[PDB]
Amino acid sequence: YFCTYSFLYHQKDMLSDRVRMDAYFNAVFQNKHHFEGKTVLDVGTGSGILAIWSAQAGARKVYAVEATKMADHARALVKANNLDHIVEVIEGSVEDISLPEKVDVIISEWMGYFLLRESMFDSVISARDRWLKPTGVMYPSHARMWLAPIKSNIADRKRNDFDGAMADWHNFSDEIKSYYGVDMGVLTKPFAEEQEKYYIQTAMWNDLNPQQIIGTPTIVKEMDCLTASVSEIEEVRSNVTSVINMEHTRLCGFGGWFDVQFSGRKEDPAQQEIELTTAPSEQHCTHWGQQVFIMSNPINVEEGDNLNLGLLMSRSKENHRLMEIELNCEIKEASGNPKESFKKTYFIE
């Protein structure tokens, strides 16, 4: 994990996100009252970009914490820009560090694929509960996860890739039975499962299109970063989305994304609320795109149809930074109430 974040090359990818960058930019400077002459802790500074803007905008002192050797660059960068007298870049895992003082603002960019991937917010919680004074602000102040039924040609690409996978495995076992004389038949099933788990069962990074969304989007979890806790991170949700097309569409899968907001405390508000969304757009991509969850079996669907969804979202056992999505779906026609029930496990890795 920490591995990939130690590359300049990876770090600039993020910095290249104009959408990602504009939001934090405008959140800081359009609200330089949370910063003027205050103390900020930038959580997971990496390049130290967010930690520079805070100083640039009035922060008396800014603790920029980075777990990787990337810290050594955030230093040259904060020093090369003449803010070394404000920003203190400390290398090390925020979980293991002690500060001299409590902090007014915690600023971080902890959001992953589908928001919860990487579980870096667990570090921010630690930082907030250990340091944020009783009256501190947080950037972002709230977050939000969304889901919606979509219609993509990728559903078929991946079924066509699994089918091929399966076509090859059967030539190969024929080959190995002719020469060598070993019969590979009984590993057909395990090679099946391992393959549905990879082309079908595992969420795809896609760049959805507003026109690909075929129902009302649902909010699958709201969040308050001033108050959220790790215990509430593994999450269960039930809601409903309605078809709006002719429909003359099929259910090919579900897309998931997230909202983020810079609003302030209900009591130290933002002069101006800034929103970073990843909702599909014809123009604004993010490096997060959306997570497409592909349909093992596409389904016909008409307008007015009513998709009752039951999501359950737990962090994996092998690796707590990966997700596993349990998705139960009872579809109901406009008229109550036929159905097309089914249950599917998707993996965010």
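Note that residue numbering follows the sequence shown and begins at 1.
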Exercise. Output the stretch having the higher mean C-alpha B factor in the entry; the candidates are 71 to 79 and 186 to 194.
Key: 71 to 79
Exercise. Could you check which stretch, 319 to 327 or 46 to 54, carries the larger mean CA temperature factor in the entry?
Key: 319 to 327
Quiz item: Out of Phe114, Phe172, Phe262, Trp131, which one has a C-alpha B factor higher than all the others in the entry?
Solution: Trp131
Quiz item: Between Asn206, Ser98, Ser108, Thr278, where does the Cα B-factor run highest in the record?
Solution: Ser98
Exercise. Comparing against every modelled residue in the chain, figure out the third that the C-alpha B-factor of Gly255 lands in (lowest, middle or highest).
Key: lowest
Exercise. Relative to the other modelled residues of the same chain, rank the CA B-factor of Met120 and answer lowest, middle or highest third.
Key: lowest
Quiz item: Compared with the other modelled residues in the chain, in which third is the CA B-factor of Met145?
Solution: lowest
Self-check item: Chain thirds of CA B-factor: placement of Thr39
Solution: middle
Self-check item: For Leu312, the third of its chain into which the C-alpha B factor falls
Solution: highest
